[PDB]
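Here you go, one structure.
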């Protein structure tokens, strides 16, 4: 399954190439690194504590979890009436963490052809795995999670 | 032929005579010059061999591609049959007024430069929708409408026939007309008559044909119906039986009601929206106008609203004569006796009466229709009433 | 386009099955759990003509199946 | 003959006929026969017979469209995907600088060594590229009568922040980026939209809600994404969603799936308007008749910050509308437009325009060339009263 | 509860009582009943809709009911509803006889029953007698 | 099938056997008829009987057959059907399963 450049006529392998990901999956990555401090979110202290302690803390202080012998939480879902500060907290987490961030949207994964959506999902997770510790944010989850 | 735009008063005037006399003088000069120069030297050989150079430039095996995008600098992206796309040069002998995305271009075999464009089929939906000359008949058959005929003419015919009247006052013609009346009064008949008597591409669509089974196809059908109505110069789009697609638009509904509402919204936008509608006239007919959408029949959308009443006393005689014209009758027919009853009879009912009378005469083998035959046919036709007697009265 | 190609396959199958001279011992057997969904062209005579049903065993068939399996 | 249209009518007709005949004679003498191969006129087989087609086929080679996928190392090494042909690892040409080529853009490549020669514009759906306005309407704010506060709010949402940006940065204000227009039919929502399109010195993209509804799953969302990417390409660009209620219906998923695809299109629109990524310099209008059916997420501030209400005009606004619509008409010197505005009870600008047109047509019917106050009164009686049931 | 109410006694947009219209359409299918008035008598002829080899013959008739010493009636529609109305007819006729000691005139008996039916179509929220 | 026989007589046989009553009444002759009912109820038999009794060719076609593979095969078949029916002066076309098309 690797990707290799070969001679046009001799068909001899000459160079091993970087993996290939869909253009959409590549666009899913964050390069501008938003700038929103936790202080810019008011009214949410328990929720911010939960999100940071579930996402950021395992990446930095993995020693605490390894010593206590407990696996870190797997996944955080944010729900509430519109305008309650969910995408804002996601942006704040992306700004404050320096690990790879993969922004994603629910409707972004629904595709015309059959199998393309699953292909996109698995490619996105593959890219996240390749690029060190990473965070995947799936906004508008209700588009596909019905 | 790309002649000067007079744009003088545009009404018969001395300034418009002078600008027009000048054009004629210049054209006379050009004609005399070309004639004399042709006599002096034919120049036919010079005109030829330029075509030979062109044919040399465009090789023998010209390939048919599909233009995808014009970079607007005599360059283009053209897709070959296999599916590949090339960035080529639009040569100077190709009529660029024909180039548009999706056109069938002729490509050079080796260099793939655009060297021509091919004509394309003429049936997006035109053959399916256009009615040609209405088979029914001309204005002669319609009897007893008169004022409605005049209103329809003032709406659709007069703007194309005498536009100076409108241009003088500066008013644009009324936008559209909606024909409403009880079932069987002549809405479709008048529409067909104007279609056959007019000089513009006439398109007919029944509202039930806009209820498609796949999401978005109703909106796409209306969009394309109005798309091939500006492509065909003056046109008249007659959406018969609008009541199927247009309705009070109650939000609390589920199923295909939402899709019908979306189709209606697209039709609304086409009738009056951000873009100018060009030169297209809309006619609509509906047995049931009270259930339509105020947004659908608001003034700016539909200006004129024509009422079609049931024939009363003499229109009935006229329809009877018209439908019995090509039918031999015995000299005992009391057509007045037939019509005298106040039976709310409709023109369609009269036509059915005549046809059934003829049919039963044929069944009995007779050579002429009789008054008793007409009476029995009328009784049979009026047998289709139903409903409850005491209820409602 | 996908459905069009599938319909092309079906039409070619029908054409081939009708293109028999009744002098070649080439027989076609076809098993389908959903015989209602089939296009009637297949059941048209000259094409598939023998419809054999394989119903759930009754008492006697159940007895015979039990005996032959045990 | 006719009743007499003008003393010069016969002369005009004769001169027009002579012009047509002379044009026919010139065409016949010069040839210019139609060609089925799409050849321009011989007078415009110009540089095409030779002298630029030759010098365009000789030096100008043929490049092939490809899409860059990856750039390897600092040293230029590009992976490209020639459509339906192959994929290569290719180098640049001496003419194109490395900064010009980025990941994901379309590049033309020569047929021999497959090296990049020219970047190309991004591929865009025809159905989304045709939404751009190109040619703007001729309407102006002066043609909208009876709406002063509404137009002021609409301007300060869509016009002033673009025209005088420093005025808001100086005071540290982030002006609203979206507005919703709602009211009874015929009040002037699309008219104000046309005025905004005309006045704006920026991209204006017109989107009709029914267009986003598509047969195949995941198509409205793709169109919305492409539209917003095209908008971001521009320095500042206005998007106008007319009849947004077509796809903005409230989320009501329950039991059997209902309008799930349209809801997904709506969700993508919401995400683009406000989401993780920062929306560009994109100001958004929306006009609708039933604001109730819109979803809370779409009607939330940050997506539709301002909600302008359009209502039937007052007596003064009706007078102004009457004047506006009678401006380009052949009318008498003194017509009491105030009297007409009073005589028409609560009614819309569409009704007033219909009244003006019907007065003109009553004149044309009576074979007059000047609409009279009596004609206007008859038009009012016909439109406002007789059609009062509609 | 408003949600489950059928609203059986309201007017339609075109001023029609749909429940009465449907009920009449129900009678349109029942067995045929025929009545002829002669100079020296009256008669009723009814299609005996029930016909089966196993049905027994009980009572003096299946659709012809005696209301008085000088009256009778036939019914077409819901059989159970007919039994309710025939009983009411017998009660009305005997109440008149008790009051006046004279048999009820036929027109008055019909009016009394029709008054009961009219009330059902106006108020009560109940279905009409089909 | 006697009722249908009488009806089809009046409908089809009259125009062909006696094409003068229609001319002298002015009522145009029917261009054809439609038959419908449950599957296998005598439609094709009745069509054959009418064709035999009016002494005309009995060209037959089916909608399923008209639904063919080659692009334009159906149009070509219809055109050939009508041209050959015209060639055979007295003719009766019996498109069988027209519902499909």
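We just call them A, B, C, D, E and F in the order they show up, numbering each chain from 1.
Please note the rule applied: contacts are C-beta pairs under 8 Å (C-beta built on N, C-alpha and C of every residue); 3 or more make two chains touch, one makes a residue touch a chain.
Which chain is which protein? Per UniProt: B = 26S proteasome regulatory subunit 4; D = 26S proteasome regulatory subunit 7.
Enquirer: Would you say B-F or B-D is joined by more C-beta pairs in contact?
Expert: B-D
Enquirer: Please indicate the chain closest to the centre of the assembly, with centres calculated from CA atoms only.
Expert: Chain B is the most central one.
Enquirer: Which chain maximises the distance between its CA centroid and that of chain E?
Expert: Ranked by distance of C-alpha centres from chain E, the top chain is A.
Enquirer: Would you kindly tell me how far, in whole Å, the mean C-alpha position of chain C lies from that of chain A?
Expert: 52
Enquirer: From the mean C-alpha coordinate of chain C to that of chain D, what's the distance rounded to whole Å?
Expert: 58
Enquirer: Cα centroid separation between chain A and chain D, in whole Å?
Expert: 37
Enquirer: Counting in whole Å, what is the centre-to-centre distance of chain A and chain B, each centre being its mean C-alpha position?
Expert: From the centre of chain A to the centre of chain B is 55 Å.
Enquirer: Of all residues in chain B, which are in touch with two or more distinct other chains?
Expert: Residues of chain B touching two or more partner chains: there are none.
Enquirer: Which two-chain combinations qualify as touching?
Expert: The list of touching pairs comes to A-D, B-D, B-E, B-F, C-F.
Enquirer: State the interface residues of chain D toward chain B in the complex, per the touch definition above.
Expert: Those residues of chain D that touch chain B are 5-6, 8-9, 11-12, 15-16, 18-19, 22-23, 25-27, 29-31, 36-42, 44-50, 52-54, 56-57, 60, 62-65, 82-85, 108, 118, 120-121, 126, 137, 185-186, 190, 193-194, 197, 206, 208-211, 213-215, 240, 242-243, 245-246, 249, 258-259, 261-262, 289-290, 292-293, 328-330, 348, 350-351, 353-354, 356-358, 360-361, 363-365, 369, 371, 383, 387, 390.
Enquirer: In their shared complex, at which residues does chain B touch chain D?
Expert: 1, 3, 11-14, 16-17, 20-21, 23-24, 27-28, 30-31, 34-35, 38, 47, 50-51, 53-54, 57, 69, 71, 77, 82-89, 91-96, 98, 101-102, 105-106, 111-113, 116-119, 154, 164-166, 168-174, 214-217, 219-220, 223, 251, 254, 258, 261-263, 265-266, 268-269, 272-276, 294-295, 297-301, 303, 305
Enquirer: Which bits of chain B are touching chain E when the two form their complex?
Expert: Those residues of chain B that touch chain E are 388, 391-392.
Enquirer: Which positions of chain A touch chain D when the two form their complex?
Expert: Touching chain D: residues 5, 15, 17-18, 20, 23, 26-27, 30, 32, 34, 81-83, 87, 90-91, 94, 103, 105-108, 110-112, 117, 137, 139-140, 142-143, 146 of chain A.
Enquirer: If you look only at chain F, which of its residues touch chain C in the complex?
Expert: Those in contact with chain C are residues 64, 68-69.
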